[PDB]
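Side chains included, hydrogens not; waters and symmetry mates left out as well; all remaining heavy atoms used. Here is how names work: the chains are called A, B, and so on, in the same order as the sequence lines, proteins then strands, and each is numbered from 1.
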Amino acid sequence: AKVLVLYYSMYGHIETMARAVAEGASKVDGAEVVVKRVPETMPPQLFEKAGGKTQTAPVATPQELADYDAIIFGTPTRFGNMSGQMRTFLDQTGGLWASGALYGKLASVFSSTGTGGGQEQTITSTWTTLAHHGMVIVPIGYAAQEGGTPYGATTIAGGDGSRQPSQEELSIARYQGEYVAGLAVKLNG
Amino acid sequence: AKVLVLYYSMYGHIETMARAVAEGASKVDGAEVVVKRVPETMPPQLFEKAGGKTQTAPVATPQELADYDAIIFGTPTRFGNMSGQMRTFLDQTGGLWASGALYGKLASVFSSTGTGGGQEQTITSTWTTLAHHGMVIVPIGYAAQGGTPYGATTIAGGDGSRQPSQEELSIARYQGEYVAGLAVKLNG
Amino acid sequence: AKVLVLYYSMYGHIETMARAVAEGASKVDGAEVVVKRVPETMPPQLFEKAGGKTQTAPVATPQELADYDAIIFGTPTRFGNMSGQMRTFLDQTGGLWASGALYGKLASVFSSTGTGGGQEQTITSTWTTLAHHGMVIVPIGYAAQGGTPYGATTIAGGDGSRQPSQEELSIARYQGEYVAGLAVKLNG
Amino acid sequence: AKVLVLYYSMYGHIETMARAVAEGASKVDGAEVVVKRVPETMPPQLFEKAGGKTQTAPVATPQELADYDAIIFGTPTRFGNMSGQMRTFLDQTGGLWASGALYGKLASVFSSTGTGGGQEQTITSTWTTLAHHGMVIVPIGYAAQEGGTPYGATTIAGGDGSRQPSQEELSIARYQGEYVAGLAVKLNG
Ligand SMILES: Cc1cc2nc3c(=O)[nH]c(=O)nc-3n(C[C@H](O)[C@H](O)[C@H](O)COP(=O)(O)O)c2cc1C
Ligand SMILES: Cc1cc2nc3c(=O)[nH]c(=O)nc-3n(C[C@H](O)[C@H](O)[C@H](O)COP(=O)(O)O)c2cc1C
Ligand SMILES: Cc1cc2nc3c(=O)[nH]c(=O)nc-3n(C[C@H](O)[C@H](O)[C@H](O)COP(=O)(O)O)c2cc1C
Ligand SMILES: Cc1cc2nc3c(=O)[nH]c(=O)nc-3n(C[C@H](O)[C@H](O)[C@H](O)COP(=O)(O)O)c2cc1C
């Protein structure tokens, strides 16, 4: 099974989460895992001065999403929604929608926020788009307990962005990757 | 694989849909399908006076949900949420939650509305509860072609006179067949 | 302006919050505040055996909601939704809906959770129902500084032992005072 | 009271809706009404070939949103969310968020979809962002009935985009503008 971890990060928190997700998915016999980012939409000059952490992963094209059996989407919270960059990317998936290209594929979502507020809404409002594509949606449930959510792995970046993901947050992200990849093998070999 | 179509219905619209869902699921080789309803919470007297439709389906218990590989949940829209009867019932599943009893099982949702507005919120706000249980959620996507990609729906009309259409029931059957197919793929 | 704090609580966490909300609203010159609870739906015997907290607040009726200029609704999180007791109660407001009885009135929501997850969905899925009634919805935004901009919340802890904190109750009082201020501005 | 109708349109459906909203808000004694769009993010070449209807309204800056007492947001549905263009714009409102610049201002939302699916989610997922800004959220309720929603005015563009808004849809949009502007005067004079 092919698993895409597809993400947007501006300050590295989601990027770090993506790595943990991918490590988890890689644990699964039969799963092949790829990590990619959506294009930055900000001019580099502004991205630079805003203190952005330059992202170096291969940039995905909307078309290649059809190639995977499972897609795990990572986005930071922007006032309770996915980021503009992820929204702009997913708005380029009309071709795939028309052809049913993602229909029945596994989808799952992870996020990051400054202080907690909006993490749940970011994940569930992302599930909406995945459901229009006919994707099968995988939440994590009470995994953690067996300041997060049953909807997907999250991390807190802190008010000033200086917090880094904890071992426990990375563990939950890794679990999410492992579990989705396991589902993807059970369904697609 | 074992599939439960669990529904609430007060005027029979969700009941008609539930039957169609159960049929679609039945078409799948390897799938065993049961239809149950959640308990009415209205006193029988007021249900009657409200013009509520009486129903033959057996009443489910909260604890038996753990028996099934896939649960397809049917609720009418009540201002953009599931019904209080469905809500009350699911609030009784804390035991299953604690033991991880529904974790990883498939869930899917269908609904009915008077005039349309709220059918999407009903379905997605029911997904929320399914996700707390760690259920895998199955929307229907563009099979929905106003229906919804989130699951099958029917329009009851403002006075409730309208009955599920051929096309609406056909989408409902699609949904059962789709979820049942996934259940057999995952569980045999 | 008249403000109703309408709440459901099984272990007293939302009850404590409701009191604080009612106080904040009371601080507003021109605001008159009433606290009521929605009916328990559990039989008294099982409520008791469940370790439920008994409550002094008068029980509201669905129809009296139309009396108020602002309603602040308190519910614990039940897998990311309002409680079945709150859901059942609001399902009884079809009469108010038909007559436009709550249209334009202010609504605001607060909640309680065991461990946090679901508090945001509880609040926004309650807003849905308020919007069907045409109520104007008041979130609290960055006064929330894990709380939520959607309305005041408290963490009950996994075993329910934790009680609302000084800070959490202070946000709850802010919310009542804010909504009551808006009610007086709109209605005098 | 100053009322901003702030919108994104790619094929004109939301644009037509915006005009109706603005007409409604203008009916109100004491309300002054302005219509603006968010920047197109698409290169014009692509916008051209996709058959976009060039938008000609003044382009809003994130900063000027602080100047209004009420903002009515219009966006088409993109798989159950606001469009990338509106998301990208609202992601530039961090300055306003930090200063509480939109706190307590009135907000309301209208939408458009191809075939209905996702209109409710687009509106409520937009309310999320408005709530982070502390905005007071105004749905329309059962206005229509006294294929739409109580959350805000909507229009159906049809599967091929050829449908135009009906008189009844425009009437509901106008009502939304009138009602929000009326609220804005009652609160701010
Ligand atoms: C425009 C904008 C909106 C934001 N909204 C929220 C919010 O609603 N809640 C929150 O906790 N943090 C919010 N933040 C903080 C971001 O979520 C945080 O920077 C992000 O999680 C970091 O992830 P990254 O390092 O991968 O970019 C916001 C930040 C920006 C720039
Ligand atoms: C309390 C209550 C709230 C309702 N809210 C809505 C609504 O928000 N939108 C709508 O289109 N219909 C609404 N209706 C109509 C129901 O959705 C409709 O009667 C139901 O779908 C019929 O299904 P059933 O026959 O299976 O009970 C409501 C009905 C009641 C009794
Ligand atoms: C059926 C049920 C479901 C619950 N679901 C959640 C949940 O999803 N997330 C959470 O953090 N707590 C959950 N809890 C804990 C409640 O939110 C907690 O007991 C409540 O907030 C206490 O408020 P009260 O004392 O006012 O009743 C649940 C409790 C019950 C009984
Ligand atoms: C990327 C993309 C995603 C879309 N998703 C949906 C959808 O989920 N539901 C729907 O009915 N229409 C969908 N459509 C149709 C648009 O909503 C429609 O073009 C829009 O409402 C027209 O408004 P405008 O003329 O102002 O651009 C989508 C269109 C595009 C280009």
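Taking the ring centroids of B:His132 and A:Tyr151, they lie under the 6.0 Å cut-off.
Under a 3.5 Å cut-off, the side chain of D:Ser108 and the backbone N or O of D:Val138 do form a donor-acceptor pair. Checked by atom type and distance alone, the side chain of C:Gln119 never pairs as donor or acceptor with a backbone atom of C:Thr113 at under 3.5 Å. When atom types are taken as modelled, the side chain of C:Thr88 and the backbone of C:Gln85 share no donor-acceptor pair closer than 3.5 angstrom. Proximity of a side-chain donor or acceptor of B:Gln175 to a complementary backbone N or O of B:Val109 within less than 3.5 Å is detected. Panel note: side chain C:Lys105, backbone C:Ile71; no donor-acceptor pair is recorded below 3.5 Å. Between the side chain of B:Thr153 and the backbone N or O of B:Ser112, no donor-acceptor pair lies under 3.5 Å.
For residues 54-63 of chain C, every residue pair satisfying the side-chain hydrogen bond (donor to acceptor under 3.5 Å, both in side chains) rule, not counting sequence neighbours, is listed here: C:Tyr7-C:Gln55, C:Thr61-C:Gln63.
Applying the ring-ring contact (aromatic ring centres under 6.0 Å, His included) rule to C:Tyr174 yields the partners C:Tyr178; only residues at least two apart in sequence or on another chain are considered. With sequence neighbours excluded, no residue forms a ring-ring contact (aromatic ring centres under 6.0 Å, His included) with C:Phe73. For B:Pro76, the side-chain contact (heavy atoms from CB on, under 4.5 Å) partners two or more places apart in sequence, or in a different chain, are B:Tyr8, B:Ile14, B:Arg78, B:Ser83. Residues passing the salt bridge (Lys or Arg N to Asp or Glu O under 4.0 Å) test with C:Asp69: none are found, sequence neighbours excluded. Residues that satisfy the side-chain hydrogen bond (donor to acceptor under 3.5 Å, both in side chains) test with C:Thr128, not counting sequence neighbours, are absent from this structure. Annotation: salt bridge (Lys or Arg N to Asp or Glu O under 4.0 Å) contacts of C:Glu48 (sequence neighbours excluded): none. Remark: C:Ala180 engages C:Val3, C:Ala25, C:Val28, C:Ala31 in a side-chain contact (heavy atoms from CB on, under 4.5 Å) (not counting sequence neighbours). Considering only residues two or more places apart in sequence or on other chains, C:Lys36 meets the salt bridge (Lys or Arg N to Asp or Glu O under 4.0 Å) condition with C:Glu64. Residues forming a salt bridge (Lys or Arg N to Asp or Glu O under 4.0 Å) with C:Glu15 (at least two apart in sequence, or on another chain): C:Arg19, C:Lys53. Partners of B:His13 by ring-ring contact (aromatic ring centres under 6.0 Å, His included), not counting sequence neighbours: none found. Taking D:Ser125 as the reference, A:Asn81, A:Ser125, D:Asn81 meet the side-chain contact (heavy atoms from CB on, under 4.5 Å) condition, with sequence neighbours excluded.
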Inset, instruction - List the steps, then state whether side-chain hydrogen bond (donor to acceptor under 3.5 Å, both in side chains) holds for C:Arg87 with C:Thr129. - result: CA-CA 9 Å; C:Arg87 190 71 258 160; C:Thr129 293; 2.7 Å; yes
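Taking each heavy atom of C:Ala144 and C:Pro149 in turn, the nearest pair found is CB-N, 3.7 Å.
Between C:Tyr103 and D:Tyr142, the ring-plane angle classifies as tilted under the 30° and 60° cut-offs.
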